[PDB]
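J.: My sequence and its experimental structure, below.
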Amino acid sequence: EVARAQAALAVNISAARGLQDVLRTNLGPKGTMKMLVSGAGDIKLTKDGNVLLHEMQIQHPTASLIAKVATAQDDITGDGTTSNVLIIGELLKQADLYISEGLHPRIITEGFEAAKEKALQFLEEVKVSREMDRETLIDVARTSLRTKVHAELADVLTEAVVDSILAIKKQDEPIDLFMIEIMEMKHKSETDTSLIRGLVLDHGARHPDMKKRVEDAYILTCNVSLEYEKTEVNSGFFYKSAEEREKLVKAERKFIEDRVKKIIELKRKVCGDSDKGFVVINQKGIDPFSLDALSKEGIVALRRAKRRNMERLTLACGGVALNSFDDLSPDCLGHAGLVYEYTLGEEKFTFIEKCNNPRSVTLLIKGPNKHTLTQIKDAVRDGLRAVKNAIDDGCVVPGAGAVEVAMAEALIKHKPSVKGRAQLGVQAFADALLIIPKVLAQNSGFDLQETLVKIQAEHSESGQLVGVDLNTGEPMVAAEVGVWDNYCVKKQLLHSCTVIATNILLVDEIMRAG
Amino acid sequence: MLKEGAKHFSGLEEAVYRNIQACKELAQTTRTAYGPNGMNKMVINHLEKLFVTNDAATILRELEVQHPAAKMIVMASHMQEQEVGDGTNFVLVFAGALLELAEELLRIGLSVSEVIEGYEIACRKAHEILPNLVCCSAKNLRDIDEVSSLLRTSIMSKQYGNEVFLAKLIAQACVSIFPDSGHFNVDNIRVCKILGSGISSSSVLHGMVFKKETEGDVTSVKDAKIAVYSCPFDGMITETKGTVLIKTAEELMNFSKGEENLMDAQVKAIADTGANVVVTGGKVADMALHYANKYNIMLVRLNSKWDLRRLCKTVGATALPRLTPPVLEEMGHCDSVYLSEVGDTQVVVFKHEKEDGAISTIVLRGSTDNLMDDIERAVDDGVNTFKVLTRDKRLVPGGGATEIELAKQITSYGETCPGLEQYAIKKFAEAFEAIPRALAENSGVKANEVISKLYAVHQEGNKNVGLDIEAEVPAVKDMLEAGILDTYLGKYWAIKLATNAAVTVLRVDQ
Amino acid sequence: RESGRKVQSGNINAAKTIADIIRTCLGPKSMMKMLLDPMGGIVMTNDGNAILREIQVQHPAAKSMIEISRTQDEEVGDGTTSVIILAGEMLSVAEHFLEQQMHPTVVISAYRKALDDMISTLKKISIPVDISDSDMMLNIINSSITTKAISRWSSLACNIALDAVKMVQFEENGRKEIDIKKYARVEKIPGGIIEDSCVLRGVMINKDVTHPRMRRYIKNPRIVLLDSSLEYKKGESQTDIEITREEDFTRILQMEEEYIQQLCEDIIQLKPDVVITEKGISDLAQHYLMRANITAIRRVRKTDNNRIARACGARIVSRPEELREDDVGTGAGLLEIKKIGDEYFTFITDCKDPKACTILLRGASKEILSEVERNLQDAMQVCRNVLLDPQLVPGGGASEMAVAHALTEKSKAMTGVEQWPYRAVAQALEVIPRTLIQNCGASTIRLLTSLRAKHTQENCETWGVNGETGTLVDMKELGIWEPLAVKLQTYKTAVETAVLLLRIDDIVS
């Protein structure tokens, strides 16, 4: 089935609004949560632009296509997908108005670009270069989390955020694929958000009371089999050879009490005492009687580890990996100044913490363990990438539309071309910018018009960046307020908004066929 | 949507209109399901099993709703019940009531966050004057009437009639037997219904009550090494042959003979594994039993997983099928393991009671389980309404007296606060009358009579309603001064938990 | 089973919409149609050849339109959209009228004379090139790449196209016709950069030879292409009985040795190290050569050997007796196992004939390379199209508006009923200008009538509207250029194409 040109563009642009409109608070603290019980057919909770897209099975190509490119920003920033959709269809709103009056679909698409630049130039012009301190990042943390959750919820979150990235700023790595270690915990309340500069150990050893508080953590991350297995196992396993099974029964616990002694000696080599804590972590099962020997030596000897955890163990501690405990120097195992083996609920989740040279920082959250407990985890985690951009860009500008008008102003305040031709594109282009504050202000309050003429005249009067009180509808200096746009975030979605809006303006038919 | 697109069953009408009504109908059910009431609600199980309860979760669990609106919240009453006893039947209706004021505000056109916060704001304000509503506290958790005064409430909050001796027998069950200092056990306190006698005849046997038949000779010793087994005797014989009886004939006479001493072996190896009682999730084996009568091993012919559970639970037991000579893993816990007859049925009894391992197992006599069940519903709550795990519960007025107290208070503040925030904070203190309207029905009067006086009684922390004639004309009971009180705790929770969703459930238009 | 006027309609009918939506997609300035799969699969393309596909096709002449399209997709692959425009133009205009004027016939004929006038005008409107000056060629490639808007790596690949394809051009019928493409060899390579690639002599052997015992580098041993028949002869000249027993192993394997050597000594007679063994490959054949310390590259394609036939510029030899350099491994030549990325690549360079290079491609990796290669593939072919045709034309309406006048001038002079096609022919030139006027997004009727005048005095020799400059312009200064044939190749097709469906009044099953 087919729709041509004008009829093609409608289904495009018509599909945007309602879709787009649901997000009219996805951004800032005013952002309204949205629940899928319908996405796969499962009860959930989400606010993000790109995420909500993929979450819902989204039947319409319009809904379909941006989520692909909306994946880019959510890949990059993680938010502003919470935003970008809004300008996009409003932009789609603008171009048709010409073609509605009539105008060639080309030139409008054509007139967006110098517009896409002169506004992007204004980004260069407006971008506020800021020297990032934890506080600056605190308000960078809360501007993305307000977009996510309560500013209340943004609070306990903000700490671990700016603190986790705080130790990666040490690493001078502008991006974080580490200190992204996050933990969720059994609780009545998702309120708890915990920060472990080290790791947290999911698995407990089948033997409790081994070393329950490991003070000095000497961690050999060990694939080792200290359970080879205790009885008849041939290669370590059952088989069809009795002849081999007849030979292979005894060396098992021998190869084990080896690795027992290999730890026994190791412990006393690592320690010579049970005072200094000590840890063994098997990637596999361990004999508990091995443990029993070892649990009484001052070790916490752990088993069936997850190779992922082994890394941050091998790394954030500076831990190490062997197949034979042998003996290793006490220092030869990575370290965490304290280890706290911690049971909430019935499972001890061992905190290997202040892991020496942490490249990873663990963020625990205790919660009801619902998609509530999810709605918090996702919330911080894109703000992480957001605040990560503030590491990336030294330029962070405020949000809450403080940007938009002043940006939308110039190219409107003057035809950037002084072409009607481009201004056709531009007036279409430069207009859609205002969608964010004007709905949010009116989402929270009075009609856009006032705040608009406020924020404009204000910026016109100020040039200070003034932005909505996102639960009021009144403009406030958004820099000081702390609602803040990475020059990373806003610039990209800007591009993202326009770069899609063109060739999709250019779909002059669609056939259903393939 | 307009398009073919995405996934939502809420929003537009649904969010505003239909969710609120999805947020309505069941709260509407819970209204006389909570507090003093003569309301009763029949329910059939997946068993198709006819039963009546004013408890929600029972009703709730079998209710499916396309919306999350009704769906998601019920966890809170559970999240509540996770914490305490009833007040749960109050939790949702508190939300639903205060909710539908907002759709009115939506008619009045108030913004979500504008609607949202004033409650949350005043939700503090509730919790803020909520301690000012502490009119007493819990003195002796050992005392019966100290405790029975409370327990009557959640039972009342469940149902009006039977509350008293229940509140008595539950403290006569000795919630006393724990410190409840932070140490309290409803695994060591179990409600075990004997079908038989009366419910006034219902007792509480401290120590595990297993109505399951005590099989053969009683325990070897009272510190019972316990063998809890899902299938300890499945039979030791296999008869498959030429005829699966005889073809070469004497080959038959081997195994039916050779089977039983293997049951002896197992039973001797029950005596050999050392179990002072063996426990059969599967069947008893008679010869084995006879051997277990020789070896005097107490036995249970058949064991519910529920049995096996508590068995596996508290004993440290592990229910296992065994075609082998058995192995004690289960071992012991309970230091006295008995046979009782309550309702005159063999009661397998396990008591170690340490005040900490202390087992006080409510043993319900009654001629109907549905009886003893809707009972046990309120009885479920009273113990864990008693279970605050504050020995001092800061007893606050029972029955809902505290409601009107803050109706004046927080709407008087709701008055004082300005803006659209007002009705947010104002509707808040209006959320109380719902149940004073709800039970006023089953009481038999309009709520204005109730509330005008519940207002005109002004600050009391006593004067209140329920199912009563005192609840009819006077709009006065003693929901404090009569001995009906509430822990300070679930209040905070019944307040808070519902306020969260009512805020939250609207914000999602998806 | 379909008939006449309804075919003639369905001709004009289908070929209309056939000719259409991709013209929105046409131009460096374009409009990409969306394509929805019945499942919901969405597609955004300027490619008619792509657009031809997901759309459900029924009209068998539309299938036939897909044919000359694929037929042109075989030839260029660009303008497959543009070829079906004009047939759509052609079939639309004259057909229904002139069939309601009763004929495919005068319509048939006059496109012979539609063809030649432009063919004439082409040699007038297209100007010769320096294939000698690759920059004179480069601007074309600089132009060739950018309609689909790919520049970044192509800007280099532009040059690299020029380089090899002039070399991969050696071909003669004695009238020296050069189609030769398969000489050009391309390389998927990991690492390097899109801005680093080259053309190495002979034909570099990349695809199926990583073979590490080729040795690595052949300084001047020969490479040996075997249409021998190197297969060991278990007897003297023949293959004796198999080996089921010890006695057949001793006698037969011995005579298997001689035939390998005596040919491999004939191979040694041309003195190789590398012998890439294709026909007559034997487990003893390489082993002898490996015993000969002659690396014998087996499990190999003759396509490689055809690449190697173009790697040394040689042939492959069925001759058992007296194997020669000029037989296989023509010229001194090289063979080198090179690691670009770490992939082993046989480079057989220095064909005995000059104009020997094959395109090495490095991206930052295979993919971003494939970005180069795919666009270089377009870049490289335009070369052999410019190398095909050393004339080239100011494009757009200049290309378009030129001949119609002479054509109308013909129609006016020819004043038959053939004049009517030359009228039907006249403005069909201007549809891509309409698309160009779409490309700029302007008023066509004006720009037409405006460009019509631009051919009234200027004669639109260089003057079309270029939608990408937006305006009626010199296309020489503006630099819109294609080798003449490509214009004709697009132009030749639609004529015959229209003339094709101009024949059909009957579909029958």
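T.: That came through, no problem. Numbers count the residues shown, from 1 in each chain, chains lettered A, B, ... in the order given.
J.: ok, for residue C:371, nearest residue in space, not its chain neighbours?
T.: residue C:153 (5.9 Å; C-beta to C-beta, 6 or more residues apart in numbering or on different chains). All C-beta atoms are positioned from the backbone trio N, CA, C, and that covers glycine.
J.: What's the separation between the one you found and residue C:160?
T.: Distance from residue C:153 to residue C:160, counting by C-beta to C-beta, to the nearest Å: 10 Å.
J.: how about the residues of the stretch 301-450 of chain A near chain B?
T.: A:368, A:370, A:443, A:444, A:445 (C-beta under 8 Å from any C-beta of the partner chain).
J.: Quick check on these: which are buried?
T.: A:368, A:443, A:444, A:445 (16 or more other C-beta atoms under 10 Å in any protein chain shown).
J.: from chain C, which residue is nearest to chain B?
T.: Residue of chain C nearest chain B, by C-beta to the nearest C-beta: residue C:40 (8.6 Å).
J.: Verify the stated contact: that residue with residue A:65.
T.: No - the criterion here is C-beta atoms under 8 Å, and residue C:40 misses it with residue A:65 at 11.0 Å.
J.: Just want to know which of the two has more residues nearby.
T.: residue A:65 (18 against 14; other C-beta atoms under 10 Å in any protein chain shown).
J.: Quick check: closest non-adjacent residue to that one.
T.: Nearest one to residue A:65, counting by C-beta to C-beta, 6+ apart, is residue C:42 at 6.0 Å.
J.: Tell me, how many residues neighbour the one you found?
T.: Quick note: residue C:42 (other C-beta under 10 Å) scores 18 neighbours.
J.: That one contacts residue A:61, correct?
T.: Yes - using C-beta under 8 Å, residue C:42 is in contact with residue A:61, at 4.5 Å.
J.: Find residues that contact each of the two.
T.: C:34, C:36 (C-beta atoms under 8 Å, 6 or more residues apart in numbering or on different chains).
J.: For the residue nearest to residue C:371, give me its contacts.
T.: Residues near residue C:153 by C-beta under 8 Å, 6+ apart: C:194, C:195, C:363, C:368, C:371, C:372, C:375.
J.: Now do the helices in the stretch 301-450 of chain B.
T.: Assigned by DSSP state H, counting those that start in this stretch, the stretch 301-450 of chain B shows helices spanning B:305-310, B:369-386, B:401-416, B:421-430, B:434-443, B:447-456.
J.: Indicate which one of those helices is closest to chain A.
T.: helix B:421-430 (10.6 Å).
J.: Can I get that closest one in CSV, CA atoms only?
T.: Provided in CSV are the C-alpha atoms of helix B:421-430 (Å, rounded to 0.1, in the frame of the first residue of the first chain):
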residue,chain,number,x,y,z
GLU,B,421,-0.5,23.5,46.0
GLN,B,422,-3.5,24.1,48.3
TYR,B,423,-6.0,21.6,47.0
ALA,B,424,-3.1,19.2,46.7
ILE,B,425,-2.5,19.7,50.4
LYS,B,426,-6.2,20.3,50.9
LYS,B,427,-7.5,17.2,49.2
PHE,B,428,-4.9,15.3,51.2
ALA,B,429,-6.6,15.8,54.6
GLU,B,430,-9.8,15.1,52.8
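J.: helices and strands around that helix, which ones?
T.: In this structure, helix B:421-430 makes packing contacts with helix B:88-107, helix B:112-129, helix B:401-416, judged by 3 or more C-beta pairs under 8 Å, 6 or more residues apart in numbering or on different chains; DSSP states H and E.
J.: and the first one, which residues are buried?
T.: Residues of helix B:88-107 classed as buried under the neighbour-count rule (16+ other C-beta under 10 Å) are B:88-103, B:105-106.
J.: end to end, how far does stretch A:359-374 reach?
T.: 24 Å (C-alpha to C-alpha, to the nearest Å).
J.: quick one: it to chain centroid distance?
T.: Between the centre of stretch A:359-374 and the centre of its chain there are 12 Å (C-alpha atoms, centre = their mean, to the nearest Å).
J.: picking that back up, just give me the closest of the buried ones among the residues of the stretch 301-450 of chain A next to chain B to chain C.
T.: residue A:443 (31.4 Å).
J.: returning to what we had before: need the helices of the stretch 301-450 of chain B in JSON lines (columns: mean neighbour count).
T.: Shown next, in JSON lines, are those (neighbours: other C-beta atoms under 10 Å in any protein chain shown):
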{"stretch": "helix B:305-310", "mean neighbour count": "18"}
{"stretch": "helix B:369-386", "mean neighbour count": "24"}
{"stretch": "helix B:401-416", "mean neighbour count": "22"}
{"stretch": "helix B:421-430", "mean neighbour count": "22"}
{"stretch": "helix B:434-443", "mean neighbour count": "25"}
{"stretch": "helix B:447-456", "mean neighbour count": "18"}
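J.: In a markdown table, list the ones you listed along with distance to residue A:454.
T.: Formatted as a markdown table, the helices of the stretch 301-450 of chain B follow (distance: least, C-beta to C-beta, whole Å):
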| stretch | distance to residue A:454 |
| --- | --- |
| helix B:305-310 | 66 |
| helix B:369-386 | 55 |
| helix B:401-416 | 29 |
| helix B:421-430 | 22 |
| helix B:434-443 | 42 |
| helix B:447-456 | 44 |
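J.: Tell me which of those lies nearest to residue C:416.
T.: Across the helices of the stretch 301-450 of chain B, residue C:416 has its closest neighbour in helix B:421-430 (88.2 Å, C-beta to C-beta).
J.: Name the surrounding residues that touch that closest one.
T.: By C-beta under 8 Å, 6+ apart, helix B:421-430 touches B:98, B:101-102, B:105, B:108, B:110, B:114-119, B:121-123, B:125-126, B:406-415, B:417.
J.: Tell me what angle it forms with helix B:112-129.
T.: 50 degrees (axes from the mean of the first three to the mean of the last three C-alpha atoms, to 10 degrees).
J.: what's the angle from helix B:421-430 to helix B:401-416?
T.: Using the same axes, to 10 degrees: helix B:421-430 against helix B:401-416 is 170 degrees.
J.: OK, contacts around residue C:18?
T.: C:62, C:65, C:84, C:88.
J.: do residue A:30 as well
T.: A:440, A:443, A:444, A:470, A:471, B:113.
J.: which residues touch the closest residue to residue A:103 other than its chain neighbours?
T.: The shortest distance from residue A:103 to any non-neighbouring residue, by C-beta to C-beta, 6+ apart, is to residue A:424 (6.2 Å). Contact partners of residue A:424, counting by C-beta under 8 Å, 6+ apart, are A:98, A:103, A:107, A:108, A:111.
J.: again, 10 Å this time
T.: A:94-95, A:97-98, A:103-104, A:107-108, A:110-112, A:115, A:415, A:417, C:441 (C-beta atoms under 10 Å, 6 or more residues apart in numbering or on different chains).
J.: Helices along the stretch 401-514 of chain A, start to end?
T.: A:402-413, A:420-432, A:435-443, A:448-461, A:478-481, A:487-505.
J.: now check stretch B:116-130, is it near chain A?
T.: Yes - counting by C-beta under 10 Å from any C-beta of the partner chain, chain A has neighbours in stretch B:116-130: B:116, B:117, B:120.
J.: how about that stretch: buried residues?
T.: B:116, B:117, B:118, B:119, B:120, B:121, B:122, B:123, B:125, B:126, B:129, B:130.
J.: How about stretch A:493-502?
T.: A:493, A:494, A:495, A:496, A:497, A:498, A:500, A:501, A:502.
J.: What is the nearest of those to chain C?
T.: Looking across those and measuring by C-beta to the nearest C-beta, the closest to chain C is residue A:502, at 9.0 Å.
J.: quick one: the closest one and residue A:109 touch, right?
T.: Yes - using C-beta atoms under 10 Å, residue A:502 is in contact with residue A:109, at 4.5 Å.
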